[PDB]
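entry04.csv follows (CSV, C-alpha atoms):
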chain,number,residue,atom,x,y,z
P,1,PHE,CA,-8.1,14.2,3.0
P,2,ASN,CA,-6.6,11.4,5.0
P,3,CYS,CA,-2.9,10.7,5.0
P,4,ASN,CA,-2.6,8.1,7.8
P,5,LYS,CA,-3.1,4.5,6.7
P,6,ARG,CA,-3.9,3.5,10.3
P,7,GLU,CA,-6.8,6.0,10.6
P,8,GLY,CA,-8.7,5.7,7.3
P,9,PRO,CA,-8.5,4.7,3.6
P,10,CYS,CA,-6.0,6.1,1.1
P,11,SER,CA,-7.5,7.6,-1.9
P,12,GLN,CA,-5.7,7.6,-5.2
P,13,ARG,CA,-5.1,11.3,-4.6
P,14,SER,CA,-3.6,10.6,-1.1
P,15,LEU,CA,-1.0,8.2,-2.6
P,16,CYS,CA,0.6,11.0,-4.5
P,17,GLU,CA,-0.4,14.2,-2.7
P,18,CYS,CA,0.2,13.4,0.9
P,19,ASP,CA,3.4,14.9,2.1
P,20,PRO,CA,5.8,12.0,2.2
P,21,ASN,CA,7.8,13.6,5.0
P,22,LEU,CA,4.9,13.2,7.5
P,23,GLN,CA,6.5,10.9,10.1
P,24,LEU,CA,3.6,8.5,10.4
P,25,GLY,CA,4.9,5.1,11.6
P,26,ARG,CA,8.4,3.8,11.3
P,27,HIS,CA,10.6,4.8,8.3
P,28,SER,CA,11.7,2.1,5.9
P,29,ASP,CA,14.4,2.4,3.2
P,30,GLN,CA,12.6,-0.5,1.3
P,31,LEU,CA,9.5,1.6,0.7
P,32,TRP,CA,9.2,4.4,-1.9
P,33,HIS,CA,7.5,7.8,-2.0
P,34,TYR,CA,6.4,10.3,-4.7
P,35,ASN,CA,8.1,13.7,-4.8
P,36,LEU,CA,5.5,16.1,-6.4
P,37,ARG,CA,8.1,18.8,-7.1
P,38,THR,CA,10.3,16.5,-9.2
P,39,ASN,CA,7.6,14.2,-10.5
P,40,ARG,CA,9.7,11.3,-9.5
P,41,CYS,CA,9.5,8.5,-7.1
P,42,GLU,CA,12.3,8.3,-4.5
P,43,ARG,CA,13.5,5.8,-2.0
P,44,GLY,CA,12.1,5.8,1.6
P,45,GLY,CA,8.7,5.9,3.2
P,46,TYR,CA,7.0,6.2,6.5
P,47,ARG,CA,4.9,3.1,6.7
P,48,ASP,CA,1.7,4.6,7.9
P,49,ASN,CA,1.8,7.5,5.4
P,50,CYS,CA,-0.6,7.1,2.5
P,51,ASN,CA,2.4,8.3,0.3
P,52,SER,CA,4.4,5.2,1.0
P,53,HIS,CA,4.7,2.5,-1.7
P,54,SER,CA,5.8,-1.1,-1.6
P,55,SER,CA,8.0,-0.8,-4.7
P,56,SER,CA,9.4,1.7,-7.1
P,57,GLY,CA,7.3,0.4,-9.9
P,58,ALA,CA,4.1,0.6,-7.8
P,59,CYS,CA,4.9,4.3,-7.0
P,60,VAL,CA,5.7,5.1,-10.7
P,61,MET,CA,2.4,3.6,-11.9
P,62,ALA,CA,0.4,5.3,-9.1
P,63,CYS,CA,2.0,8.8,-9.4
P,64,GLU,CA,4.5,9.6,-12.1
P,65,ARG,CA,3.1,11.5,-15.0
P,66,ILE,CA,4.5,12.2,-18.5
N,1,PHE,CA,-10.0,-6.1,-10.9
N,2,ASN,CA,-6.3,-5.5,-11.3
N,3,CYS,CA,-3.8,-7.1,-8.9
N,4,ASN,CA,-0.5,-6.0,-10.5
N,5,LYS,CA,0.6,-2.7,-9.0
N,6,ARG,CA,3.2,-2.3,-11.7
N,7,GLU,CA,0.7,-2.5,-14.5
N,8,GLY,CA,-2.3,-0.5,-13.1
N,9,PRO,CA,-4.0,1.0,-10.1
N,10,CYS,CA,-5.3,-0.9,-7.1
N,11,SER,CA,-8.9,-0.5,-6.2
N,12,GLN,CA,-10.0,-0.6,-2.6
N,13,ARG,CA,-11.3,-4.2,-3.3
N,14,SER,CA,-8.0,-5.3,-4.8
N,15,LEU,CA,-6.2,-4.4,-1.6
N,16,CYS,CA,-8.1,-7.2,0.2
N,17,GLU,CA,-9.4,-9.6,-2.5
N,18,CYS,CA,-6.3,-10.1,-4.6
N,19,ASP,CA,-4.7,-13.5,-3.8
N,20,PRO,CA,-1.8,-12.7,-1.5
N,21,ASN,CA,0.1,-15.7,-2.8
N,22,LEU,CA,0.3,-14.2,-6.3
N,23,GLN,CA,4.1,-13.8,-6.8
N,24,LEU,CA,3.9,-10.3,-8.3
N,25,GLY,CA,7.3,-8.7,-7.7
N,26,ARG,CA,9.9,-9.7,-5.1
N,27,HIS,CA,8.8,-11.0,-1.8
N,28,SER,CA,9.4,-8.9,1.3
N,29,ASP,CA,9.3,-10.2,4.9
N,30,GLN,CA,8.4,-6.7,6.2
N,31,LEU,CA,5.3,-6.2,4.2
N,32,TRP,CA,1.9,-7.6,5.3
N,33,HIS,CA,-1.0,-9.2,3.5
N,34,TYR,CA,-4.7,-9.8,4.1
N,35,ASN,CA,-6.1,-13.4,4.4
N,36,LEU,CA,-9.7,-13.0,3.3
N,37,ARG,CA,-10.7,-16.5,4.5
N,38,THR,CA,-9.7,-15.8,8.1
N,39,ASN,CA,-10.3,-12.0,8.0
N,40,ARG,CA,-6.7,-11.5,9.4
N,41,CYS,CA,-3.7,-9.5,8.4
N,42,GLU,CA,-0.6,-11.6,8.3
N,43,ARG,CA,3.1,-11.1,7.8
N,44,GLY,CA,4.9,-11.1,4.4
N,45,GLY,CA,3.8,-9.7,1.0
N,46,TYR,CA,4.8,-9.5,-2.7
N,47,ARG,CA,5.9,-6.0,-3.6
N,48,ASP,CA,3.9,-5.6,-6.8
N,49,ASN,CA,0.7,-7.4,-5.5
N,50,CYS,CA,-2.2,-5.0,-4.7
N,51,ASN,CA,-2.7,-7.2,-1.6
N,52,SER,CA,0.6,-6.1,0.0
N,53,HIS,CA,0.6,-3.5,2.8
N,54,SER,CA,3.3,-1.4,4.4
N,55,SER,CA,2.3,-2.1,8.0
N,56,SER,CA,0.0,-4.2,10.1
N,57,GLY,CA,-2.1,-1.2,10.9
N,58,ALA,CA,-2.5,-0.2,7.3
N,59,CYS,CA,-3.7,-3.7,6.5
N,60,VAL,CA,-6.0,-3.8,9.5
N,61,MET,CA,-7.7,-0.6,8.6
N,62,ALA,CA,-8.0,-1.2,4.8
N,63,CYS,CA,-9.1,-4.8,5.1
N,64,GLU,CA,-10.1,-6.0,8.6
N,65,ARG,CA,-12.1,-2.7,9.2
N,66,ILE,CA,-13.1,-1.1,5.9
N,67,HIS,CA,-13.3,-3.9,3.4
N,68,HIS,CA,-14.9,-6.3,5.9
N,69,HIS,CA,-17.5,-3.8,6.9
N,70,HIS,CA,-18.6,-2.9,3.3
N,71,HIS,CA,-17.8,-5.8,1.0
N,72,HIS,CA,-20.9,-7.7,-0.2

Just give me the structure of the file as structure tokens.
Amino acid sequence: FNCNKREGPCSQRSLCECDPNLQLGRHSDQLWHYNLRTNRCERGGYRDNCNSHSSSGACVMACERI
Amino acid sequence: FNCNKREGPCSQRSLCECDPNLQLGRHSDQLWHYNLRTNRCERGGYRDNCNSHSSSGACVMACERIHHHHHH
């Protein structure tokens, strides 16, 4: 399933299940990513990685589960 | 469709059809948004608006390419 925002769409799956450490595009400390091991969003994102989010609240809604 | 990223998911349509001027979350100069009238990705976006993108390339692919090809 696609993880590069430049190369195809990002499924709802991809937003949370893409490895956030894939260095796709420049890194930004103003973006956020979901950590599937901890079930928490954390600061930082690679801007062309499907698992990169524009805000913490965007990431929480997209990916964090109870 | 939903446009508030904090309150629900963003559909593929919402990425491109949400009004990019809707002031949902704090503005960021480094985000991008899609202008549906001109079919062009432009600089700036509001962090909690579904039409806010992490890079120009992300916006181009989702909106100038995919949405523009399919939406009718």

_Within 8 Å of chain N, which residues belong to chain P? Use all atoms listed in the file and report them as a ChimeraX atom specification._
/P:5-9,31,47-48,52-55,57-58,60-62

Saved selection, atoms kept: C-alpha atoms, as a short mmCIF file (atom, residue, chain, number, x, y, z; two decimals), keeping the file's coordinate frame:
data_model
loop_
_atom_site.label_atom_id
_atom_site.label_comp_id
_atom_site.auth_asym_id
_atom_site.auth_seq_id
_atom_site.Cartn_x
_atom_site.Cartn_y
_atom_site.Cartn_z
CA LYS P 5 -3.10 4.50 6.70
CA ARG P 6 -3.90 3.50 10.30
CA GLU P 7 -6.80 6.00 10.60
CA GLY P 8 -8.70 5.70 7.30
CA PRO P 9 -8.50 4.70 3.60
CA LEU P 31 9.50 1.60 0.70
CA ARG P 47 4.90 3.10 6.70
CA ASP P 48 1.70 4.60 7.90
CA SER P 52 4.40 5.20 1.00
CA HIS P 53 4.70 2.50 -1.70
CA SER P 54 5.80 -1.10 -1.60
CA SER P 55 8.00 -0.80 -4.70
CA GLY P 57 7.30 0.40 -9.90
CA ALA P 58 4.10 0.60 -7.80
CA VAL P 60 5.70 5.10 -10.70
CA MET P 61 2.40 3.60 -11.90
CA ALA P 62 0.40 5.30 -9.10
#

*Which is closer to residue 45 of chain P than all the others in P:20, P:2, P:65, P:59, using only C-alpha atoms?*
P:20

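From atom CA of residue 27 of chain P back to atom CA of residue 29 of chain N, the distance works out to 15.4 Å.
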
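From atom CA of residue 13 of chain P back to atom CA of residue 49 of chain P, the distance works out to 12.7 Å.
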
*Hey, can you check how far atom CA of residue 23 of chain P sits from atom CA of residue 35 of chain P?*
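Distance reported for this atom pair: 15.2 Å.
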
*Please determine the residues with any atom at most 12 Å from (-11.0, -9.9, -1.9) (coordinates as given in the file, with all atoms listed in the file counting) and report them as a PyMOL selection string.*
chain N and resi 1-3+10-20+33-39+50-51+62-64+66-68+70-72

Go ahead and dump the residues you just picked, C-alpha atoms, as an mmCIF file, in the coordinates of the input.
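Wrote part-v8.cif, looks like this:
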data_model
loop_
_atom_site.group_PDB
_atom_site.id
_atom_site.type_symbol
_atom_site.label_atom_id
_atom_site.label_comp_id
_atom_site.auth_asym_id
_atom_site.auth_seq_id
_atom_site.Cartn_x
_atom_site.Cartn_y
_atom_site.Cartn_z
ATOM 1 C CA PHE N 1 -10.000 -6.100 -10.900
ATOM 2 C CA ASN N 2 -6.300 -5.500 -11.300
ATOM 3 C CA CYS N 3 -3.800 -7.100 -8.900
ATOM 4 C CA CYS N 10 -5.300 -0.900 -7.100
ATOM 5 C CA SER N 11 -8.900 -0.500 -6.200
ATOM 6 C CA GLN N 12 -10.000 -0.600 -2.600
ATOM 7 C CA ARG N 13 -11.300 -4.200 -3.300
ATOM 8 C CA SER N 14 -8.000 -5.300 -4.800
ATOM 9 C CA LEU N 15 -6.200 -4.400 -1.600
ATOM 10 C CA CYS N 16 -8.100 -7.200 0.200
ATOM 11 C CA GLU N 17 -9.400 -9.600 -2.500
ATOM 12 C CA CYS N 18 -6.300 -10.100 -4.600
ATOM 13 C CA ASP N 19 -4.700 -13.500 -3.800
ATOM 14 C CA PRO N 20 -1.800 -12.700 -1.500
ATOM 15 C CA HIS N 33 -1.000 -9.200 3.500
ATOM 16 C CA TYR N 34 -4.700 -9.800 4.100
ATOM 17 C CA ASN N 35 -6.100 -13.400 4.400
ATOM 18 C CA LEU N 36 -9.700 -13.000 3.300
ATOM 19 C CA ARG N 37 -10.700 -16.500 4.500
ATOM 20 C CA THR N 38 -9.700 -15.800 8.100
ATOM 21 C CA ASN N 39 -10.300 -12.000 8.000
ATOM 22 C CA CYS N 50 -2.200 -5.000 -4.700
ATOM 23 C CA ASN N 51 -2.700 -7.200 -1.600
ATOM 24 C CA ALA N 62 -8.000 -1.200 4.800
ATOM 25 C CA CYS N 63 -9.100 -4.800 5.100
ATOM 26 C CA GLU N 64 -10.100 -6.000 8.600
ATOM 27 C CA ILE N 66 -13.100 -1.100 5.900
ATOM 28 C CA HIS N 67 -13.300 -3.900 3.400
ATOM 29 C CA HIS N 68 -14.900 -6.300 5.900
ATOM 30 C CA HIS N 70 -18.600 -2.900 3.300
ATOM 31 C CA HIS N 71 -17.800 -5.800 1.000
ATOM 32 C CA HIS N 72 -20.900 -7.700 -0.200
#

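The environment of residue 19 of chain P within 10 Å, counting all atoms listed in the file and disregarding residues fewer than 2 places along the same chain, consists of residues 3, 14, 15, 16, 17, 21, 22, 23, 33, 34, 35, 36, 49, 50, 51 and 52 of chain P.
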
Export of prior selection with C-alpha atoms as an mmCIF file, keeping the file's coordinate frame:
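Result went into result-v3.cif, see below:
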data_model
loop_
_atom_site.group_PDB
_atom_site.id
_atom_site.type_symbol
_atom_site.label_atom_id
_atom_site.label_comp_id
_atom_site.auth_asym_id
_atom_site.auth_seq_id
_atom_site.Cartn_x
_atom_site.Cartn_y
_atom_site.Cartn_z
ATOM 1 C CA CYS P 3 -2.900 10.700 5.000
ATOM 2 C CA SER P 14 -3.600 10.600 -1.100
ATOM 3 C CA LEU P 15 -1.000 8.200 -2.600
ATOM 4 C CA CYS P 16 0.600 11.000 -4.500
ATOM 5 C CA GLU P 17 -0.400 14.200 -2.700
ATOM 6 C CA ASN P 21 7.800 13.600 5.000
ATOM 7 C CA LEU P 22 4.900 13.200 7.500
ATOM 8 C CA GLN P 23 6.500 10.900 10.100
ATOM 9 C CA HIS P 33 7.500 7.800 -2.000
ATOM 10 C CA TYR P 34 6.400 10.300 -4.700
ATOM 11 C CA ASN P 35 8.100 13.700 -4.800
ATOM 12 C CA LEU P 36 5.500 16.100 -6.400
ATOM 13 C CA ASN P 49 1.800 7.500 5.400
ATOM 14 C CA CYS P 50 -0.600 7.100 2.500
ATOM 15 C CA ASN P 51 2.400 8.300 0.300
ATOM 16 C CA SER P 52 4.400 5.200 1.000
#
